[PDB]
Number of protein chains: 2
Amino acid sequence: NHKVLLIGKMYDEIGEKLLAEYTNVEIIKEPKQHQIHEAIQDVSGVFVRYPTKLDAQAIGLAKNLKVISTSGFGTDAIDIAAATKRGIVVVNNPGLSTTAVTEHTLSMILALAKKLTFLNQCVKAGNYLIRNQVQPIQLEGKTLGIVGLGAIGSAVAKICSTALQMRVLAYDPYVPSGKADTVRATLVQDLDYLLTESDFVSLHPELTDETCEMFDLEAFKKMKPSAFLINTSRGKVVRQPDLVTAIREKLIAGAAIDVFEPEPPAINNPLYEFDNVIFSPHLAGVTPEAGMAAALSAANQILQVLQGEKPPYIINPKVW
Amino acid sequence: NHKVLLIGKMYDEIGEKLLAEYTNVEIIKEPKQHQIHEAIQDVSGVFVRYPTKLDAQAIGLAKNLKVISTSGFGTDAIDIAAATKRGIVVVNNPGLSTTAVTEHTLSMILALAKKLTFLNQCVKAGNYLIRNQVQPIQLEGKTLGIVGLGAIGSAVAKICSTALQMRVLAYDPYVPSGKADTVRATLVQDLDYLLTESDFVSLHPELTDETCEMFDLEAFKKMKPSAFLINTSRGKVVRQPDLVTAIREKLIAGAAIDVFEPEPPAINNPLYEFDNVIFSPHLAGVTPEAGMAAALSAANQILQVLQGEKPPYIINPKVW
Ligand SMILES: NC(=O)c1ccc[n+]([C@@H]2O[C@H](COP(=O)([O-])OP(=O)(O)OC[C@H]3O[C@@H](n4cnc5c(N)ncnc54)[C@H](O)[C@@H]3O)[C@@H](O)[C@H]2O)c1
Ligand SMILES: NC(=O)c1ccc[n+]([C@@H]2O[C@H](COP(=O)([O-])OP(=O)(O)OC[C@H]3O[C@@H](n4cnc5c(N)ncnc54)[C@H](O)[C@@H]3O)[C@@H](O)[C@H]2O)c1
């Protein structure tokens, strides 16, 4: 009966097999615009692999379209306004990768502290004697500043405070101090104190008007020159030209970045030049386990809409 | 009264200041052989920064020499036989870097699981789209095999089993099963079972005739092709040409290496070619905190010998 189009593969094939048991599924990978246009014309549901964009032209051509599902939390690459105008349900698939992002964050904190990429390059260049000039940092007793004490911020705080014996400060205007106590952190109401105290600052807030570009030049000026920034949250929490300035002018010692603004990043991003900035391509939340959870959630919500059942994660509820 | 020669700096200046309060200290850095010969002639004590060698010629020229201290555990670069022959006390400074090496090991396990160096290179090359071909590994529920359940092996096991929710197996013929239970690991008497079960194998044994080259080609053949090797113990625990073969032939998925055989490694080490092997220059145990502990221990033992007091860590006790 119903046809479904996957614009990009899911993060695990289980969701494709689930859809195929109930609908006629077509998958297109890294498609050109004309392939989207030809394949979307008669489908009832669409899945979009982040960060691929789904625009008003494609939505206008999709004469039978009832539901659009993203692959994870982010919907900024979907023209939601055009979908809402045509009564199309947009769902996302959030909150299914807490463990993945927590582990990734720990990996990046440790890689910066142990100067992993730099020391690796030195040894492979024949400069083992770099060990007379550079030492790793011991995490024990250092201060980690967490911005955003939500699901991931809490999980990172708990591991860093207990297993790694770090002092953990958390800034989050919307939680009680008891939430920080639970994970052996201290809630601080003054972001300036977190900035001046922290040896590592890791960003985990929801992206809002309040947190958009909250990490700008003024924030980097307050950080310790020896401190590192980690961002696995959203690219727009950081003002990218200001991070460039902060790295080049040595306002901070380095950064680890999994998220970008814009997404995908341009090929000539000015941050790539700096050996003390390390990158991953928005993969903090994409392990096989997290991908399977997100694939099942995306497939289930598509099937729900096609059967007239309300899905859990509607982004534009006024269409229902 | 007494003069002391530092062949290389200590890992922290506190030990140099402690020595200078009681002796006349000279420091030479990355010295040529003739500088060692001229500076050692009349000193009562010598400190040697790893992995610098102190040979029979230098010891024979050191007419007043009473004590040699290494910087850490390893004494293989000292001609102990020549020192013992002249009645010279050799001390090492062991067991002061458990936390440093534990943290470093975690950093390397996580960096391999999250494909850190590879994904960083891809993004900086403009290949963010590598995220359609490569996914990180989620550590939760995977099996870590620890070889050697001593101070560092136990500390790594405890963090990986509790904080990271890994299944931990330990091989160590000289501990009771209760020691593994304490850190939420399982002791296994069959090394083959650890090899076939593990997704990550991390080496932490003492180097003995039994553990020398225990990780040879036969061992790599039993490991999972998807598994990784981590070595922060001693270079001689691994048969280096066999690790080269294992990496090139894809018997294992990668490795992280902090220790080398020989030390220092040659500039054209065949392992450097492989992007899935990451290196650090024998720095797992050298944070500022661990360096300060080792520097104080080295300075104290030198001063002890110069005052006729027996130091804790004599390597050649038959001279006392
Ligand atoms: N890189 C990835 O692949 C990936 C995957 C999942 C989530 N994320 C992102 O990671 C971040 C954390 O995810 P989560 O599941 O823990 O979200 P969450 O909703 O559980 O927690 C977010 C926290 O941000 C806090 N916050 C709101 N305004 C703040 C402010 N002005 N200052 C400080 N904190 C503020 C909220 O009070 C909340 O506690 C989100 O931005 C999420 O979209 C990224
Ligand atoms: N990379 C560095 O900078 C650095 C720093 C400190 C220590 N190390 C090395 O790390 C390793 C671990 O150090 P540690 O302080 O935990 O030592 P430790 O003496 O506390 O423990 C070593 C363990 O090895 C075990 N062992 C002995 N024979 C074994 C065998 N055949 N198979 C498996 N296990 C066996 C012993 O029973 C013991 O439990 C040592 O080789 C040490 O020299 C490296």
# chains A, B, ... in the order shown; residues from 1 in each chain; ligands from 1
$ residues_near_ligand --ligand "ligand 1" --cutoff "6 Å" --atoms "only C-alpha atoms and all ligand atoms" --output "count of residues only"
29
$ residues_around --residues "residue B:254" --least-positions-apart "5" --cutoff "6 Å" --atoms "only C-alpha atoms" --output "number ranges by chain"
B: 228, 276-277
$ write_last_selection --atoms "N, CA and C atoms" --output "compact mmCIF listing (two decimals), in the first residue's frame"
# COMPACT_ATOMS: atom_id res chain seq x y z
N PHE B 228 41.32 -4.62 19.67
CA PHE B 228 42.45 -3.72 19.77
C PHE B 228 43.39 -4.15 20.89
N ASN B 276 46.20 2.96 12.00
CA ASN B 276 45.43 2.41 13.11
C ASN B 276 46.29 2.00 14.31
N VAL B 277 47.56 2.37 14.33
CA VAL B 277 48.40 2.27 15.52
C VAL B 277 48.71 3.68 16.00
$ select_by_dssp --residues "stretch 219-278 of chain A" --states "alpha helix (DSSP H)" --output "short mmCIF file (atom, residue, chain, number, x, y, z; two decimals) with N, CA, C and O atoms, in the first residue's frame"
data_model
loop_
_atom_site.label_atom_id
_atom_site.label_comp_id
_atom_site.auth_asym_id
_atom_site.auth_seq_id
_atom_site.Cartn_x
_atom_site.Cartn_y
_atom_site.Cartn_z
N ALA A 219 33.49 35.04 26.73
CA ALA A 219 33.59 33.82 27.53
C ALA A 219 35.00 33.25 27.45
O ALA A 219 35.58 32.87 28.48
N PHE A 220 35.58 33.19 26.25
CA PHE A 220 36.92 32.63 26.12
C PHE A 220 37.96 33.46 26.85
O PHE A 220 38.95 32.92 27.35
N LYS A 221 37.74 34.78 26.95
CA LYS A 221 38.68 35.63 27.67
C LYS A 221 38.69 35.33 29.16
O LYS A 221 39.72 35.51 29.82
N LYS A 222 37.57 34.87 29.71
CA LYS A 222 37.51 34.53 31.13
C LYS A 222 38.07 33.16 31.45
O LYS A 222 38.43 32.90 32.60
N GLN A 240 31.61 30.57 16.19
CA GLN A 240 32.79 29.96 15.58
C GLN A 240 33.93 30.95 15.34
O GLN A 240 35.08 30.62 15.68
N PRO A 241 33.71 32.15 14.78
CA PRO A 241 34.86 33.06 14.60
C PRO A 241 35.55 33.41 15.91
O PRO A 241 36.76 33.67 15.92
N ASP A 242 34.82 33.40 17.03
CA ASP A 242 35.43 33.71 18.32
C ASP A 242 36.27 32.56 18.84
O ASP A 242 37.31 32.80 19.48
N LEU A 243 35.87 31.31 18.58
CA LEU A 243 36.73 30.19 18.92
C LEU A 243 38.01 30.22 18.08
O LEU A 243 39.10 29.94 18.59
N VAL A 244 37.89 30.58 16.80
CA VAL A 244 39.08 30.74 15.96
C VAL A 244 40.04 31.74 16.59
O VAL A 244 41.23 31.48 16.75
N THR A 245 39.51 32.91 16.97
CA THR A 245 40.35 33.93 17.61
C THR A 245 40.95 33.41 18.91
O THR A 245 42.14 33.62 19.17
N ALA A 246 40.14 32.73 19.72
CA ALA A 246 40.62 32.24 21.01
C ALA A 246 41.75 31.23 20.84
O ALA A 246 42.72 31.24 21.61
N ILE A 247 41.63 30.34 19.85
CA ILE A 247 42.70 29.36 19.62
C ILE A 247 43.94 30.06 19.09
O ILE A 247 45.05 29.87 19.60
N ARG A 248 43.78 30.90 18.06
CA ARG A 248 44.94 31.53 17.44
C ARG A 248 45.69 32.41 18.43
O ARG A 248 46.93 32.41 18.46
#
$ interface_residues --of "chain B" --to "chain A" --cutoff "8 Å" --atoms "only C-alpha atoms" --output "JSON, numbers by chain"
{"B": [99, 100, 103, 104, 106, 107, 110, 111, 114, 116, 117, 119, 120, 123, 124, 125, 126, 127, 128, 129, 130, 131, 135, 136, 137, 138, 139, 159, 163, 164, 264, 265, 266, 267, 268, 272, 273, 278, 279, 280, 281, 282, 283, 284, 286, 287, 288, 289]}
$ closest_residue --among "B:19, B:46, B:24, B:62" --to "residue B:5" --atoms "only C-alpha atoms"
B:46
$ atom_distance --atom1 "atom CA of residue A:59" --atom2 "atom CA of residue A:212"
28.5 Å
$ closest_residue --among "A:250, A:32, A:184, A:318" --to "residue A:83" --atoms "only C-alpha atoms"
A:318
$ atom_distance --atom1 "atom CA of residue B:312" --atom2 "atom 6 (C, counted along the ligand's line) of ligand 2"
17.4 Å
$ residues_around --residues "residue B:94" --least-positions-apart "2" --cutoff "9 Å" --atoms "only C-alpha atoms" --output "PDB file with C-alpha atoms, in the first residue's frame"
ATOM      1  CA  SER B  71      64.020   8.310  37.023  1.00  0.00           C
ATOM      2  CA  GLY B  72      61.374   5.548  37.264  1.00  0.00           C
ATOM      3  CA  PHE B  73      61.038   1.781  37.294  1.00  0.00           C
ATOM      4  CA  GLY B  74      63.235   0.775  34.370  1.00  0.00           C
ATOM      5  CA  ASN B  92      65.009   2.799  40.950  1.00  0.00           C
ATOM      6  CA  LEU B  96      54.589   6.170  41.946  1.00  0.00           C
ATOM      7  CA  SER B  97      52.509   6.593  38.783  1.00  0.00           C
ATOM      8  CA  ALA B 294      59.406  10.226  41.467  1.00  0.00           C
ATOM      9  CA  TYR B 313      64.599   0.550  46.317  1.00  0.00           C
TER      10      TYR B 313
END
$ select_by_dssp --residues "stretch 24-233 of chain A" --states "strand (DSSP E or B)" --output "PyMOL selection string"
chain A and resi 24-28+45-48+54+67-70+78+89-91+143-147+167-171+186-187+200-203+215+228-231
$ atom_distance --atom1 "atom CA of residue A:142" --atom2 "atom CA of residue A:167"
5.9 Å
$ decode --residues "stretch 133-258 of chain B" --atoms "C-alpha atoms" --output "JSON list (two decimals), in the first residue's frame"
[["chain", "number", "residue", "atom", "x", "y", "z"],
["B", 133, "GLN", "CA", 31.22, 4.81, 6.37],
["B", 134, "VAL", "CA", 32.63, 4.68, 9.94],
["B", 135, "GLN", "CA", 30.90, 4.51, 13.35],
["B", 136, "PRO", "CA", 32.42, 4.69, 16.84],
["B", 137, "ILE", "CA", 32.25, 1.70, 19.16],
["B", 138, "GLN", "CA", 30.14, 1.88, 22.33],
["B", 139, "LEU", "CA", 32.26, 0.57, 25.22],
["B", 140, "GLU", "CA", 29.28, -0.41, 27.38],
["B", 141, "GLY", "CA", 28.90, -4.20, 27.41],
["B", 142, "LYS", "CA", 32.07, -4.88, 25.44],
["B", 143, "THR", "CA", 34.74, -7.13, 26.92],
["B", 144, "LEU", "CA", 38.05, -5.74, 28.18],
["B", 145, "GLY", "CA", 40.82, -8.28, 28.76],
["B", 146, "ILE", "CA", 43.43, -7.22, 31.31],
["B", 147, "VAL", "CA", 46.75, -9.06, 31.35],
["B", 148, "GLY", "CA", 48.27, -8.46, 34.78],
["B", 149, "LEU", "CA", 45.97, -7.59, 37.66],
["B", 150, "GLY", "CA", 48.44, -5.56, 39.69],
["B", 151, "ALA", "CA", 48.21, -1.96, 40.80],
["B", 152, "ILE", "CA", 47.50, -0.50, 37.36],
["B", 153, "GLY", "CA", 45.60, -3.48, 35.95],
["B", 154, "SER", "CA", 43.29, -3.42, 38.98],
["B", 155, "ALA", "CA", 42.70, 0.34, 38.72],
["B", 156, "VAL", "CA", 41.89, 0.12, 34.99],
["B", 157, "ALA", "CA", 39.60, -2.87, 35.56],
["B", 158, "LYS", "CA", 37.68, -1.03, 38.29],
["B", 159, "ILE", "CA", 36.95, 2.02, 36.14],
["B", 160, "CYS", "CA", 36.09, 0.06, 33.01],
["B", 161, "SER", "CA", 33.77, -2.35, 34.83],
["B", 162, "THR", "CA", 31.89, 0.25, 36.90],
["B", 163, "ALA", "CA", 32.00, 3.66, 35.18],
["B", 164, "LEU", "CA", 32.14, 2.34, 31.59],
["B", 165, "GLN", "CA", 29.98, -0.79, 32.25],
["B", 166, "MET", "CA", 32.36, -3.09, 30.37],
["B", 167, "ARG", "CA", 32.70, -6.81, 30.98],
["B", 168, "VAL", "CA", 36.22, -7.26, 32.38],
["B", 169, "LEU", "CA", 38.30, -10.45, 32.22],
["B", 170, "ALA", "CA", 41.71, -10.64, 33.87],
["B", 171, "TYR", "CA", 44.61, -13.05, 33.33],
["B", 172, "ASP", "CA", 47.23, -13.15, 36.10],
["B", 173, "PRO", "CA", 48.63, -16.49, 37.35],
["B", 174, "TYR", "CA", 49.66, -15.08, 40.74],
["B", 175, "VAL", "CA", 46.47, -13.53, 42.20],
["B", 176, "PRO", "CA", 43.34, -15.09, 43.71],
["B", 177, "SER", "CA", 39.96, -14.85, 42.01],
["B", 178, "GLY", "CA", 38.77, -12.64, 44.87],
["B", 179, "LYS", "CA", 41.13, -9.91, 43.68],
["B", 180, "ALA", "CA", 39.26, -9.76, 40.38],
["B", 181, "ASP", "CA", 35.88, -9.85, 42.16],
["B", 182, "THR", "CA", 36.93, -6.77, 44.17],
["B", 183, "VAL", "CA", 37.16, -4.67, 41.00],
["B", 184, "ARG", "CA", 34.10, -6.31, 39.35],
["B", 185, "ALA", "CA", 36.24, -8.40, 36.99],
["B", 186, "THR", "CA", 36.44, -12.15, 36.43],
["B", 187, "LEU", "CA", 39.76, -13.94, 36.76],
["B", 188, "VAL", "CA", 40.45, -16.39, 33.92],
["B", 189, "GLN", "CA", 43.12, -19.08, 34.05],
["B", 190, "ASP", "CA", 43.13, -19.67, 30.27],
["B", 191, "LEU", "CA", 44.82, -16.82, 28.40],
["B", 192, "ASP", "CA", 43.22, -18.24, 25.24],
["B", 193, "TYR", "CA", 39.78, -17.45, 26.64],
["B", 194, "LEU", "CA", 40.77, -13.86, 27.36],
["B", 195, "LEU", "CA", 42.11, -13.58, 23.80],
["B", 196, "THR", "CA", 39.05, -15.04, 22.10],
["B", 197, "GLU", "CA", 36.57, -13.12, 24.27],
["B", 198, "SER", "CA", 38.09, -9.63, 24.37],
["B", 199, "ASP", "CA", 37.18, -6.61, 22.27],
["B", 200, "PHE", "CA", 40.06, -4.67, 23.89],
["B", 201, "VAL", "CA", 43.21, -6.27, 25.38],
["B", 202, "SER", "CA", 45.26, -4.05, 27.67],
["B", 203, "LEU", "CA", 48.67, -5.20, 28.92],
["B", 204, "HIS", "CA", 49.70, -4.48, 32.52],
["B", 205, "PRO", "CA", 52.00, -7.36, 33.62],
["B", 206, "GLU", "CA", 55.37, -7.20, 35.24],
["B", 207, "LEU", "CA", 58.04, -8.01, 32.67],
["B", 208, "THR", "CA", 59.49, -11.45, 33.46],
["B", 209, "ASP", "CA", 60.89, -14.38, 31.48],
["B", 210, "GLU", "CA", 57.29, -15.62, 31.43],
["B", 211, "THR", "CA", 55.75, -12.42, 30.02],
["B", 212, "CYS", "CA", 58.61, -11.56, 27.66],
["B", 213, "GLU", "CA", 57.14, -11.69, 24.13],
["B", 214, "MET", "CA", 54.00, -13.36, 25.45],
["B", 215, "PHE", "CA", 52.12, -11.30, 22.85],
["B", 216, "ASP", "CA", 53.51, -12.95, 19.73],
["B", 217, "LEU", "CA", 51.95, -14.01, 16.43],
["B", 218, "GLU", "CA", 50.12, -17.00, 17.95],
["B", 219, "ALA", "CA", 48.47, -14.70, 20.48],
["B", 220, "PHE", "CA", 47.39, -12.22, 17.80],
["B", 221, "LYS", "CA", 45.92, -15.06, 15.74],
["B", 222, "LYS", "CA", 43.59, -15.96, 18.63],
["B", 223, "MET", "CA", 42.35, -12.40, 19.16],
["B", 224, "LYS", "CA", 39.19, -11.16, 17.50],
["B", 225, "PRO", "CA", 39.94, -9.46, 14.15],
["B", 226, "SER", "CA", 37.82, -6.56, 15.48],
["B", 227, "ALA", "CA", 39.82, -6.27, 18.73],
["B", 228, "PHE", "CA", 42.45, -3.72, 19.77],
["B", 229, "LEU", "CA", 45.71, -4.09, 21.70],
["B", 230, "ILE", "CA", 46.82, -1.48, 24.27],
["B", 231, "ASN", "CA", 50.34, -1.64, 25.72],
["B", 232, "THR", "CA", 51.44, 0.67, 28.53],
["B", 233, "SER", "CA", 53.47, -2.00, 30.35],
["B", 234, "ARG", "CA", 56.89, -2.79, 28.86],
["B", 235, "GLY", "CA", 57.93, -3.01, 25.23],
["B", 236, "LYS", "CA", 59.36, -6.51, 25.62],
["B", 237, "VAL", "CA", 55.93, -7.98, 26.48],
["B", 238, "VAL", "CA", 55.14, -7.73, 22.74],
["B", 239, "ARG", "CA", 57.17, -9.31, 19.94],
["B", 240, "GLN", "CA", 57.36, -6.23, 17.73],
["B", 241, "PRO", "CA", 57.71, -7.94, 14.31],
["B", 242, "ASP", "CA", 54.64, -10.02, 15.16],
["B", 243, "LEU", "CA", 52.56, -6.95, 15.97],
["B", 244, "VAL", "CA", 53.68, -5.51, 12.61],
["B", 245, "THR", "CA", 52.45, -8.68, 10.90],
["B", 246, "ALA", "CA", 49.21, -8.68, 12.89],
["B", 247, "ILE", "CA", 48.41, -5.08, 11.95],
["B", 248, "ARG", "CA", 49.38, -5.41, 8.29],
["B", 249, "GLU", "CA", 47.49, -8.69, 7.83],
["B", 250, "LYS", "CA", 44.47, -7.41, 9.82],
["B", 251, "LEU", "CA", 44.63, -10.10, 12.50],
["B", 252, "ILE", "CA", 43.60, -7.27, 14.87],
["B", 253, "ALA", "CA", 41.93, -3.91, 14.24],
["B", 254, "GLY", "CA", 44.54, -1.59, 15.77],
["B", 255, "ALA", "CA", 46.76, -0.80, 18.71],
["B", 256, "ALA", "CA", 47.79, 1.94, 21.11],
["B", 257, "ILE", "CA", 51.42, 1.79, 22.24],
["B", 258, "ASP", "CA", 53.22, 3.80, 24.95]]
